[PDB]
Each structure stands twice: as C-alpha cells, then as structure tokens.
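Undergrad: Here it is, the structure in full.
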Amino acid sequence: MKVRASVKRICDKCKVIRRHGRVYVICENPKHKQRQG
Amino acid sequence: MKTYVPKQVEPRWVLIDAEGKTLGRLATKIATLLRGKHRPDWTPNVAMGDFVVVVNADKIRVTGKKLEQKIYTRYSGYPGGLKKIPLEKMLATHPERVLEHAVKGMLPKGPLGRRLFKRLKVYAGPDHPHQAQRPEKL
Amino acid sequence: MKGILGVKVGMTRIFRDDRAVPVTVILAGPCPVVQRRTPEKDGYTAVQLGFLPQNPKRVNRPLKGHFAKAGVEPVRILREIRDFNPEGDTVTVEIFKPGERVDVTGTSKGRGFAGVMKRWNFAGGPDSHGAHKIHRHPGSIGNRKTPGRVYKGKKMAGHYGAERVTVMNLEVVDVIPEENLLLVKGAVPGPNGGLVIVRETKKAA
Amino acid sequence: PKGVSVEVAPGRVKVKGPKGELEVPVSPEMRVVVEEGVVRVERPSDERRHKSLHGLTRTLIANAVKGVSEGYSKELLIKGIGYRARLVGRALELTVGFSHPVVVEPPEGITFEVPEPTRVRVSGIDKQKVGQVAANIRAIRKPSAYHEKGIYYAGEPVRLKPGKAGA
RNA sequence: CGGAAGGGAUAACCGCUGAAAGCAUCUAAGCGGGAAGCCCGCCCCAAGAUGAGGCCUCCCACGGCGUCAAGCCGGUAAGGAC
RNA sequence: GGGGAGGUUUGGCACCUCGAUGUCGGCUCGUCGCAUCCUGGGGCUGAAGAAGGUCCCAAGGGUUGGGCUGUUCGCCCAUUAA
RNA sequence: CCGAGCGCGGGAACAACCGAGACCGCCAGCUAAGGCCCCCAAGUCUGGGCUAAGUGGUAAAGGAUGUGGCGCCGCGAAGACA
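Protein chains in written order, with the authors' numbering: chain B9, 1 to 37; chain BN, 1 to 138; chain BE, 1 to 205; chain BH, 12 to 178.
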C-alpha cells in the first residue's frame, strides 16, 4: 500500500489529517500505510 | 531650440537604511537613483546618478519562503561547475551580497551599467566610510 | 600546530625494534623565528621562519636585520607556518619528538612537457594492428555535432613535475639535532637540495 | 496560578514559579495579559490561522504554567532479561539489550531518578523537554521485538510469533 | 601515503510538546534524531578577485620650461636589465 | 479497463544537407540522466534472529577477466560487496 | 496573411499570432494592439474579491478535515458533539 495514488480511508482507524503536503494514511498494522508518491 | 545637456555636475551622495525593508522593493528604488531618473536632467550616456551607501543590509526582509527557497547560482566554466546557494546561506556568510546582486541585475548591462554599480557601496553593519554629505533617505 | 622547515636528502631502511624501514633524511636546522603576523593587522597568526646561514653581501638591503632583532638571514630566505606560534627563540629540529606522524610541504621535482599516457596515464595502444603513428596519442577528446564544445580541463598532454604539495602521514623515529636532521618514514618529494617543511599531523585534528 | 508569579513581556510570556522560571514565547496575534489572577487570551477574529494559533497558544501557556507547578511525572518501565540500571551520582548507567554500558546524562531543565534497574523514574520540570527525553530513552532501546523485551511508557506489547512467523 | 577522523544544515523516515476539531496527531508555531549524499574540516592553482587586497621593510622629494591647472624632462635613489 | 510520463527501440512525416554529415561493433577519451545493480538509509512484511520480499530517500564513488560468434542483441565459465 | 508587406510595433527572441498600407523632411499631437515595480518609454493609480504553493512560471484520469464562499436535512438549553 505504501506509495500509491489512492490515499483513501482504508482500515477505519486510518486517517488523513494532511501533513507535509502529501497525504499519508495513518493506521495500526502498518501494512496499511498508503502514501502520495 | 535644442535639448539641453548637463555640465559636469557634482555627484551627490546618499545613505539608506535597509533593515526591515523588502529586498527587491529596496533595490527597485536604489537603481532609479544610481541613474539620473530621479534628477530632473537625467541623461542616458553619462553617469551622474547619486552614489548610494546602504547600511546594515544584514537585516533585510524578504517575503514568502525565499529565506529557504530563493537560490542564487554561479557557474565556473568547469563540468558540474554549477554552484547554487540559498538566500538563507547568503545572509549568514557575507550578506551585503544579496542587495548587490539584486541591484546589479536592475541596472543597464552596458559599460556604464557596471560603472554605476561602483557608485553603490553596501555594508552589513550599519556604518560606512563617512566620506561626506550622505543625507539619509526613506 | 607546530612546525619547522627542512631540506631534502636520502631515504634508507634502518631496522627499528625488529622490522626494516625506509628513511627520508631532511635537515631542519636553525630557523630564524623572525616575528609573528597578527589577526588585527593580518587576519590570522603566522610566523616567518628562515633557515641555513650563508647570506652575506649578496642578499642585504632591507634585510629585516631591520625587522626587530636582526640576526641576518640564512641562504634559504624564509617562509611561514600557518596557525603557528612557538615561544620567541629561533627554533631548530627536535621541535617534535621521535615516533610521531606529521605532515610535509615539498617542491615536486620538475619534469617538463611530457606524455599523455605518461602525465595522466591514458592507454593509447595501436602497436602493430593499429597504426605506426598513434602510439602515444590521446585517441579521442570530444563528441559529434552536439555539444561539440571541447571541455575545459580535458586532461591534456603537457607539463608535469615542477609542482608543490603538502602531504599527510609520515612516521619519524629518527632525528639527529647533533647535526640538525630528521629521519621519517620516507616519501618526500623534490630533488636532494630543494624545499621541504614539517607541519603537524591531522589524523583527528 | 496561586503561589505562582506569571508575567508577559513583548511576544514572549515569561513564567516564574516556586520551581523556577521558564520562557514561553508565543505569537502576538491575540491578547496575552496577566490580570485578576489568571492570564487570558482573545483571538483577533474567528479566522482560520487565528483559531488554530489561539487554541494552541492558550494551551501552551496554560501548560507551561503548570510546567513550574510541577510537571515532572514521567518514567520508564523497562522489561526484558539483561535489562539493568544504576544511576551513579549524576550519570544514568545501563546495560540492557546491548553489549556495552550506556551513559545517559542530565540536560538543563529536567532531572533523572533511578529507583532500580527495571523501572527508572524521571523528575523532569518541563513537559516539552521531558517527553523528548522520554521517547529518546525509549528510542535508545526500542522494545516490542514481536513479543517483549524493551522499555515502555505504560506501553503494552503487540503480539506476533516467536520461532514461528516464518513460512 | 591519501579516500577519511570531526562540526552544521537536510532526504524520505521516526519522535517531542499542540491546536483548530473539549477527544487525536510527527504540524500549520516551537524543539529533537536522521544518510557515503549538501557545506566545511583535506590538496593544488588562484588579488586581471580591474575591489586589482594586506603585512615586513626600502629609497626618497625639484633636478629643467608650466607661478596658478595637469603635463613634461636629463641624470641619480632602493634597485633592476644586458 | 481507462489515464499518463519517457522520445531509448520499432513505424510514420521529409525540411537545412545531392557545390558529401562516410553507415556495424571494438580501440581510446569521456560525459550528462535516475526509473539505482554494489554501498548508506529508513518504512514495512504471509519479517524469530540469518537472508529475503517490497516502497520511497539518496550519484558520492564504483560496476571485472575470458571462450565462441564480424556481430551491439546472445550464450558460457571463473569470479565480485555488485 | 504571407508570396510580392523579411517595410513598422507587440509578442524575450519568432514569413504569415494581434495592430496597421511605409513619397519625403519635423526635436508636435489623437490614437491601434500590446501596455506601465523596476529593464524600457508611460499608474509601487484608485476600488474590491482570492490565493500562501512559485500555484503564477504550460499534463490527465483520479485522489484529498487544503482554504474561503453558496446551500440542503438533522441533532440544541426538553440539555445535544466529544
């Protein structure tokens, strides 16, 4: 999931409180860490 | 008649602050003075525009993210000789440079266009060589 | 940040403790501690150092017999050690202690205009299958019709030799103040009669 | 702010207490003035940056005030086998899940306090500078390791497999 | 013998204290870690760096028309050239 | 199944070159690019540690000798941290 | 439209993109397009929205509590959102 243009809201803990100007998707089990790159 | 051409007038010196000021905007004013555009009898091929001693250029203000963004560049004829320096580091080490760079580019390119650059002394102080007159400006 | 001048000779192999070791021999000698340079009227600290005395009629003039103390110059005029300042007496050789690595300035002996595969070392090649001519030719330099501009510093055939250089890492076990000599690991550039000068190491300084 | 002595200088709000005094410089875009007994703040308007900076700043002062009303309580409950500690004089020493000993030592504003090897305590009088050190000792020895072994805030392990987890 | 040893800013990345958004957060303010990488610390050239830097000195003024303003003009000085 | 960079291959177009710019690899000198193979870094795993899988960061330097084929494409050995 | 308007400005530069038919001389003025902080010649004009990235200073599908405006159905002092 890391670095892919779909930074939705995957596992319902994952958040988009936009930082650095490139949305990350922040969760728990970090096989769920999508990124904007 | 036939347009009048000034005699050898006496160059008038001037002093300017700097700190708190905007870089571009500052030079913007400097240039028009390095030439006679401020004087009523400005003449193109002559060089009679006031000398300009600027003080403490070490504290000039700059908008946006310039401080970290703005990058000056120099190229030695050598391969990979490109050297680019950020406005941030230009202040630290010899900052009186920034104001100069900013102005030089804002003056003609010809022979005298550098001749007028010589008419400008900038100091990261304040403090100058108290040569003479030097009426502070705003 | 200590140091002292020197002049070049010999490079033997004396066997310290057990092992066998190559040994450069330089004469460090008495060198006029003629005055320091000061950060106000200069910008840093520096000491002028003379050397080996012969100068009579030939050199004279402002002498810096003026300077502040006279003493007359060597025959090897004088130089400087950067960021250096001893005590005030004209120092000699054993300014250092045996068994220490340090640095050295030397005039690499001249050679003149020389080969391309010699100066830099290219490769050249063409012995028999190539051509008789282009034995020692740089082969190629540039490009086609773009950029087509010959590069500044294209590593070219020319002079090599008469240069100057500092050098790091030199172990000196030997020294004979009893004649003014300094014997080190052995590598010093220059002819046996040229400029050398010992400064202090930089392994972590 | 009973027995504490607050004060506002230019943009920087200096806070002095029975503990000491800390520097709390925050933006001049509101109304920082000590009055009555408790400081107050009034945002210039209901504008974005102003709302944000307001909430933040008011909390920064409100905190740093207690920063000299004793905000020391924070410590680490180190777990694991060869995980030991012994604060000699001024230096915190430990040889945990690492070969050589370790020397963690006092910075300005905050203070260590070892009760014993397995649960080191910290009297840090600077809520900002303290937690720094907290997560920095914890970063010195990152715990977890699938099961256990390491230093923990009140931290709880997150489970995974030992001599397994290897298809 | 050398690449390095070391200081400082940064990468993605991890963290501190924290708001809008009473909860949360590595963030938009502030602190901190972070790479052979960027800048120095290394080595040569280098003041045509037409800002032509500065130090240590050296010799010294009119000697012939220009009184005034600049030229010029033969031999000497420290020196330097053949 | 759509959208796109990249202008290296392979197709299309034919204007300066018909008062010439001499096509394949190798010799030899490089040199610019990162979508980076070794090396640093960290994220993460259907990751115990050992190695691996993967995604971003990062040109600083480096990236072998041969057998055969005219041959880049290629296969093969002996190796490399690659 | 050029070609035959490579005559004149703009557009950085730029046969045909916009203005505009050059008999000739002037040291006058309206004006075209474009245009005014400074090159380079004329508003750091006046009045008001937005933007906070150099967007400006050349890309899409599509994505996103970016930041401000316009609105629709709830929950609200009977006590809500956390």
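Backbone N, C-alpha and C fix where the C-beta goes; we use that ideal spot for every residue, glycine too.
(1) Spell out a yes or no on whether the stretch 98–109 of chain BN and the stretch 19–30 of chain BN are touching, meaning 3 or more CB-CB pairs, one atom from each, closer than 8 Å.
(2) Give me the chain BN residues within the contact set of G158 (chain BE), using Cβ-Cβ distance strictly less than 8 Å, ordered along the chain.
(3) Confirm, please, whether the CB-CB distance from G161 (chain BE) to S108 (chain BE) is below 8 Å.
(4) Taking 8 Å as the CB-CB limit, is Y78 (chain BN) close to chain BE?
(5) Out of curiosity, what's the CA-to-CA distance linking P168 (chain BH) and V141 (chain BH)?
(6) Quick one: Cα of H32 (chain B9) to Cα of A5 (chain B9), how far?
(7) Measuring CB to CB, does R61 (chain BN) end up less than 8 Å from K89 (chain BN)?
(8) Report the rounded CA-to-CA distance for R149 (chain BE) versus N143 (chain BE), giving the unit in angstroms.
(9) Output the boundary residues of the alpha helix (DSSP H) element that contains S63 (chain BH).
(10) What does DSSP give as the partner residues of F51 (chain BN) in its beta bridges?
(11) I'd like the ranges of any alpha helix (DSSP H) spanning at least 4 consecutive residues and lying wholly in the stretch 68–117 of chain BN.
(12) Between the beta-carbon of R119 (chain BN) and the beta-carbon of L34 (chain BN), is there less than 8 Å?
(13) With distances taken Cα to Cα, identify the nearest neighbour of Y4 (chain BN) among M48 (chain BN), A47 (chain BN), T43 (chain BN), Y78 (chain BN).
(14) At a CB-CB cut-off below 8 Å, which residues of chain BN make contact with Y44 (chain BE)?
(15) Mind checking whether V184 (chain BE) and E163 (chain BE) have CB atoms under 8 Å apart?
(16) Between which two residues does the beta strand (DSSP E) holding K140 (chain BH) run?
(17) Quick one: using the 10 Å Cβ neighbour count with 16 as the cut-off for buried, is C11 (chain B9) buried or exposed?
(18) Can you say whether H65 (chain BH) is buried or exposed, counting buried as having 16 or more other CB atoms within 10 angstroms of its CB?
(19) Taking 8 Å as the threshold, find out whether the stretch 13–32 of chain BE comes into contact with the stretch 66–82 of chain BE through three or more Cβ pairs.
(20) Going along the chain, which residues of the stretch 135–160 of chain BE sit with their C-beta nearer than 7 Å to a C-beta in chain BN?
(21) If you draw a straight line from the C-alpha of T38 (chain BE) to the C-alpha of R74 (chain BN), how long is it?
(22) Contact defined as beta carbons within less than 8 Å: I believe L88 (chain BH) pairs with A96 (chain BH). What is the distance between those atoms, to the nearest angstrom?
(23) Give the straight-line distance between the Cα atoms of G135 (chain BH) and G28 (chain BH), rounded to the nearest whole angstrom.
(24) Going by beta carbon distance, what residues of the same chain come within less than 8 Å of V114 (chain BH), once the five residues before and after it are set aside?
(25) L107 (chain BN) to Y44 (chain BE), Cα distance in whole Å?
(26) Could you give the DSSP three-state label for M11 (chain BE): helix, strand or coil?
(27) I'd like the list of long-range same chain contacts for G91 (chain BH), defined as Cβ closer than 7 Å, with 5 residues on each side in sequence excluded.
(28) List the residues that DSSP assigns as beta-bridge partners of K37 (chain BN).
(29) So what does DSSP say about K175 (chain BH), is it helix, strand or coil?
(30) Classify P30 (chain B9): buried if its beta carbon has 16 or more other beta carbons within 10 angstroms, exposed otherwise.
(31) Looking at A31 (chain BN) and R115 (chain BN), is the spacing between their C-beta atoms short of 8 Å?
(32) Do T201 (chain BE) and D127 (chain BE) have their beta-carbon atoms positioned less than 8 Å apart in this structure?
(33) Need the endpoints of the alpha helix (DSSP H) that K118 (chain BE) sits in, please.
(34) If you compare alpha carbons, which of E73 (chain BE), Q54 (chain BE), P53 (chain BE), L52 (chain BE) is closest to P62 (chain BE)?
TA: Inspection of the coordinates gives the following:
(1) yes
(2) Along the third sequence, one-based indexing puts residue 158 (chain BE) at 158. Per Cβ cutoff of 8 Å: no residues; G158 (chain BE) is ~18 Å from chain BN at best.
(3) What you label residue 108 (chain BE) is simply residue 108 of the third sequence in a count that begins at 1. What you label residue 161 (chain BE) is simply residue 161 of the third sequence in a count that begins at 1. The answer is yes: Cβ separation under 8 Å.
(4) Taking the second sequence and counting its residues from 1, the one referred to as residue 78 (chain BN) is at position 78. Yes, its Cβ sits closer than 8 Å to a Cβ of chain BE.
(5) By 1-based counting over the fourth sequence, the position of residue 168 (chain BH) is 157. By 1-based counting over the fourth sequence, the position of residue 141 (chain BH) is 130. Each residue's Cα considered, the two are about 23 Å apart.
(6) Translated into positions along the first sequence, residue 32 (chain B9) becomes position 32. Translated into positions along the first sequence, residue 5 (chain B9) becomes position 5. Roughly 14 Å between the two C-alpha positions.
(7) The residue labelled residue 61 (chain BN) in the question sits at position 61 within the second sequence. The residue labelled residue 89 (chain BN) in the question sits at position 89 within the second sequence. The answer is no: Cβ separation not under 8 Å.
(8) Working through the third sequence from its first residue, we reach residue 149 (chain BE) at position 149. Working through the third sequence from its first residue, we reach residue 143 (chain BE) at position 143. Rounded to the nearest angstrom, the two C-alpha atoms are 8 Å apart.
(9) If you number the fourth sequence from 1, residue 63 (chain BH) lands on position 52. Per DSSP, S63 (chain BH) belongs to the alpha helix (DSSP H) from 59–77.
(10) Taking the second sequence and counting its residues from 1, one reaches residue 51 (chain BN) at position 51. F51 (chain BN) pairs with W13 (chain BN).
(11) 87–92, 96–104, 112–115
(12) In the second sequence, the residue the question calls residue 119 (chain BN) occupies position 119. In the second sequence, the residue the question calls residue 34 (chain BN) occupies position 34. Yes.
(13) Stepping through the second sequence from its first residue, residue 4 (chain BN) is reached at position 4. Closest option to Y4 (chain BN), Cα to Cα, is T43 (chain BN).
(14) Within the third sequence, residue 44 (chain BE) is the residue found at index 44, counting from 1. By Cβ distance, chain BN contributes nothing, its closest Cβ being about 18 Å from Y44 (chain BE), past 8 Å.
(15) Stepping through the third sequence from its first residue, residue 184 (chain BE) is reached at position 184. Stepping through the third sequence from its first residue, residue 163 (chain BE) is reached at position 163. No. Outside cutoff.
(16) Numbered from 1 along the fourth sequence, position 129 holds the residue referred to as residue 140 (chain BH). Careful: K140 (chain BH) lies outside any beta strand (DSSP E), inside the alpha helix (DSSP H) at 138–151.
(17) Here the question's residue 11 (chain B9) lines up with position 11 in the first sequence. With fewer than 16 Cβ atoms within 10 Å of its Cβ, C11 (chain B9) is classed as exposed.
(18) Translated into positions along the fourth sequence, residue 65 (chain BH) becomes position 54. Counting Cβ neighbours within 10 Å, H65 (chain BH) comes out buried, since at least 16 surround it.
(19) yes
(20) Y151, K152, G153
(21) Counting from one through the third sequence, the residue named residue 38 (chain BE) turns up at place 38. Counting from one through the second sequence, the residue named residue 74 (chain BN) turns up at place 74. Looking at the two C-alpha atoms, the distance is approximately 33 Å.
(22) Sequence index remark: in the fourth sequence, residue 88 (chain BH) carries index 77 (1-based). Sequence index remark: in the fourth sequence, residue 96 (chain BH) carries index 85 (1-based). Wrong, their Cβ atoms sit about 12 Å apart, outside the cutoff.
(23) Working through the fourth sequence from its first residue, we reach residue 135 (chain BH) at position 124. Working through the fourth sequence from its first residue, we reach residue 28 (chain BH) at position 17. So the alpha carbons of these two residues sit roughly 15 Å apart.
(24) Counting from one through the fourth sequence, the residue named residue 114 (chain BH) turns up at place 103. The residues are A102, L103, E104.
(25) To locate residue 107 (chain BN), count along the second sequence from 1; it is residue 107. To locate residue 44 (chain BE), count along the third sequence from 1; it is residue 44. Rounded to whole angstroms, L107 (chain BN) to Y44 (chain BE) spans 38 Å at the Cα level.
(26) For the purposes of this step, residue 11 (chain BE) is taken as residue 11 along the third sequence, with counting starting at 1. Strand at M11 (chain BE).
(27) Indexing the fourth sequence from 1 puts residue 91 (chain BH) at position 80. Within the same chain, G91 (chain BH) has close Cβ partners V107, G108, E159, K160, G161.
(28) For the purposes of this step, residue 37 (chain BN) is taken as the residue at position 37 of the second sequence. Its beta-bridge partners do not exist; DSSP assigns none.
(29) Taking the fourth sequence and counting its residues from 1, the one referred to as residue 175 (chain BH) is at position 164. Correct three-state label for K175 (chain BH): coil.
(30) Locating residue 30 (chain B9) in the first sequence gives position 30, counting from the first residue. Burial call: exposed.
(31) Counting from one through the second sequence, the residue named residue 115 (chain BN) turns up at place 115. Counting from one through the second sequence, the residue named residue 31 (chain BN) turns up at place 31. No. Outside cutoff.
(32) In the third sequence, the residue the question calls residue 127 (chain BE) occupies position 127. In the third sequence, the residue the question calls residue 201 (chain BE) occupies position 201. Cβ distance not < 8 Å, so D127 (chain BE) and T201 (chain BE) don't count as in contact.
(33) Residue numbering aside, residue 118 (chain BE) sits at position 118 when the third sequence is read from its first letter. Start and end: 116–119.
(34) Here residue 62 (chain BE) refers to the residue found at position 62 of the third sequence. For the residues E73 (chain BE), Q54 (chain BE), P53 (chain BE), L52 (chain BE), the minimum Cα distance to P62 (chain BE) belongs to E73 (chain BE).
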